[PDB]
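So the structure is just underneath, and the comments pick up after that.
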Amino acid sequence: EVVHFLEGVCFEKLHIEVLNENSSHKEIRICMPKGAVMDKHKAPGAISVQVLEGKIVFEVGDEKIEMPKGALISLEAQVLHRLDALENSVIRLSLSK
Amino acid sequence: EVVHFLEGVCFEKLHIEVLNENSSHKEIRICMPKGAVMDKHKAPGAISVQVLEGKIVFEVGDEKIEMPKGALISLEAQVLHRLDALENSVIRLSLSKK
């Protein structure tokens with residue numbers, strides 16, 4: 001029932017892992033090596049994206065927004081977006097079911 | 001629209017601040033000085049609690065769980081709990097509005 005987003009971290013590839021799931025949400029960790037891109041990403045429900053460590057750029061619509069450690073964005077359901085890592089980064093993606 | 005949990009942090013008092021809210025959630029930052037206690041905390045919706053910086057002990061039921069940086073727990077609505085800060089800590093409390 002406690003999950004540790006900063007244990008088991010790896011930057012040898014882009015890693016996407018569901019760390020926990022309940023009836024309402026999935027809690028997903030993304031480990032992004034510096035320079036990794038996640039393009040055309042779309043989740044089936046509303047999400048929030050938070051940088052636990054590192055720094056990304058996040059694109060949605062015609063916007064491009066830097067997200068240093070601690071930054072959070074929330075999106076409505078099914079909105080297409082892109083993540084680019086500027087450093088090795090650990091992201092929490094919280095997905096509504 | 002982008003909120004920055006680690007800007008504007010202060011440890012002179014226990015601080016609870018809604019940094020953003022949308023249709024489904026309020027995103028709340030708790031800044032806890034070392035030694036601060038939030039006891040008998042109960043939220044009206046399902047929550048998740050995650051340590052962004054620091055370290056706390058989280059109690060629920062008869063359990064006492066250590067939460068270092070990065071640890072996350074999720075609770076159903078209305079479940080009573082306690083947070084104790086073992087260091088100056090910044091916590092994200094994500095509160096469902098359902």
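As shown in the structure tokens, the chain order sets the letters A, B, ...; within each chain, residues go from 1, and ligands are also counted from 1 in the order they appear.
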For this session: Find the residues of chain B in contact range of chain A, meaning any atom within 8 Å when counting only C-alpha atoms, and list them as a PyMOL selection string.
Result: chain B and resi 1-6+22+52+65+67+69-74
Residues at most 8 Å from residue B:95, counting only C-alpha atoms, excluding those fewer than 5 positions away in the same chain, as a PDB file with N, CA, C and O atoms, in the first residue's frame?
ATOM      1  N   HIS B  25     -10.024  17.452  -9.430  1.00  0.00           N
ATOM      2  CA  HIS B  25      -9.167  17.441  -8.219  1.00  0.00           C
ATOM      3  C   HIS B  25      -8.801  18.806  -7.722  1.00  0.00           C
ATOM      4  O   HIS B  25      -8.732  19.764  -8.509  1.00  0.00           O
ATOM      5  N   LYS B  26      -8.510  18.942  -6.405  1.00  0.00           N
ATOM      6  CA  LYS B  26      -7.750  20.012  -5.864  1.00  0.00           C
ATOM      7  C   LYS B  26      -6.327  19.489  -5.609  1.00  0.00           C
ATOM      8  O   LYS B  26      -6.147  18.350  -5.148  1.00  0.00           O
ATOM      9  N   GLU B  27      -5.371  20.290  -5.984  1.00  0.00           N
ATOM     10  CA  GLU B  27      -3.932  19.966  -5.741  1.00  0.00           C
ATOM     11  C   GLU B  27      -3.413  20.825  -4.709  1.00  0.00           C
ATOM     12  O   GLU B  27      -3.299  22.057  -4.845  1.00  0.00           O
ATOM     13  N   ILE B  28      -3.120  20.223  -3.554  1.00  0.00           N
ATOM     14  CA  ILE B  28      -2.809  20.902  -2.314  1.00  0.00           C
ATOM     15  C   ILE B  28      -1.364  20.624  -1.922  1.00  0.00           C
ATOM     16  O   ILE B  28      -0.865  19.495  -2.064  1.00  0.00           O
ATOM     17  N   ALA B  43     -10.325  13.802   4.901  1.00  0.00           N
ATOM     18  CA  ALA B  43     -10.653  14.564   3.668  1.00  0.00           C
ATOM     19  C   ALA B  43     -11.984  14.110   3.157  1.00  0.00           C
ATOM     20  O   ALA B  43     -12.340  12.926   3.285  1.00  0.00           O
ATOM     21  N   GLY B  45     -13.001  13.554   0.145  1.00  0.00           N
ATOM     22  CA  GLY B  45     -12.867  12.761  -1.045  1.00  0.00           C
ATOM     23  C   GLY B  45     -11.654  11.833  -0.996  1.00  0.00           C
ATOM     24  O   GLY B  45     -10.877  11.949  -0.028  1.00  0.00           O
ATOM     25  N   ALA B  46     -11.543  10.890  -1.890  1.00  0.00           N
ATOM     26  CA  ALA B  46     -10.363  10.032  -2.043  1.00  0.00           C
ATOM     27  C   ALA B  46      -9.154  10.967  -2.207  1.00  0.00           C
ATOM     28  O   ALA B  46      -9.194  12.049  -2.827  1.00  0.00           O
ATOM     29  N   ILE B  47      -8.086  10.545  -1.574  1.00  0.00           N
ATOM     30  CA  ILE B  47      -6.820  11.360  -1.695  1.00  0.00           C
ATOM     31  C   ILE B  47      -5.647  10.476  -2.022  1.00  0.00           C
ATOM     32  O   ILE B  47      -5.627   9.282  -1.825  1.00  0.00           O
ATOM     33  N   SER B  48      -4.583  11.097  -2.558  1.00  0.00           N
ATOM     34  CA  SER B  48      -3.245  10.521  -2.509  1.00  0.00           C
ATOM     35  C   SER B  48      -2.351  11.547  -1.824  1.00  0.00           C
ATOM     36  O   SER B  48      -2.550  12.768  -1.876  1.00  0.00           O
TER      37      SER B  48
END
Exercise. Using only C-alpha atoms, which residue out of B:10, B:19, B:56, B:51 lies closest to residue B:38?
Worked result: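 Nearest candidate to residue B:38 out of B:10, B:19, B:56, B:51: B:56.
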For this session: Go through stretch 8-41 of chain B and collect every residue that DSSP, computed from the backbone, puts in strand (DSSP E); the answer should be as a list in words.
Result: residues 15, 16, 17, 18, 19, 20, 21, 25, 26, 27, 28, 29, 30, 31, 32, 37, 38, 39, 40 and 41 of chain B
Just C-alpha atoms for this one: save the residues we selected as an mmCIF file, in the first residue's frame.
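Produced file selection12.cif, reproduced below:
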data_model
loop_
_atom_site.group_PDB
_atom_site.id
_atom_site.type_symbol
_atom_site.label_atom_id
_atom_site.label_comp_id
_atom_site.auth_asym_id
_atom_site.auth_seq_id
_atom_site.Cartn_x
_atom_site.Cartn_y
_atom_site.Cartn_z
ATOM 1 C CA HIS B 15 1.150 25.608 5.638
ATOM 2 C CA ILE B 16 -1.708 24.048 3.692
ATOM 3 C CA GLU B 17 -2.362 25.775 0.322
ATOM 4 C CA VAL B 18 -4.532 24.827 -2.698
ATOM 5 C CA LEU B 19 -2.092 25.413 -5.565
ATOM 6 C CA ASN B 20 -4.571 24.549 -8.335
ATOM 7 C CA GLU B 21 -8.010 23.086 -8.799
ATOM 8 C CA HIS B 25 -9.167 17.441 -8.219
ATOM 9 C CA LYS B 26 -7.750 20.012 -5.864
ATOM 10 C CA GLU B 27 -3.932 19.966 -5.741
ATOM 11 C CA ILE B 28 -2.809 20.902 -2.314
ATOM 12 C CA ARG B 29 0.690 21.518 -1.009
ATOM 13 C CA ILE B 30 1.425 20.909 2.651
ATOM 14 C CA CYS B 31 4.693 22.421 3.944
ATOM 15 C CA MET B 32 5.578 20.753 7.278
ATOM 16 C CA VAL B 37 1.944 17.113 13.395
ATOM 17 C CA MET B 38 -1.237 17.071 11.395
ATOM 18 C CA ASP B 39 -3.420 14.886 13.515
ATOM 19 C CA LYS B 40 -7.023 13.680 12.952
ATOM 20 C CA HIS B 41 -6.956 14.655 9.320
#
For this session: Report the distance between atom CA of residue A:85 and atom CA of residue B:7 in Å, rounded to one decimal place.
Result: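 Between these atoms lies a distance of 20.5 Å.
Between residue B:94 and the residues B:44, B:68, B:61, B:54, the shortest atom-to-atom distance, using only C-alpha atoms, involves B:44.
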Problem set entry | atom CA of residue A:97 to atom CA of residue A:16, distance in Å rounded to a single decimal |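 Separating atom CA of residue A:97 from atom CA of residue A:16 is a distance of 17.4 Å.
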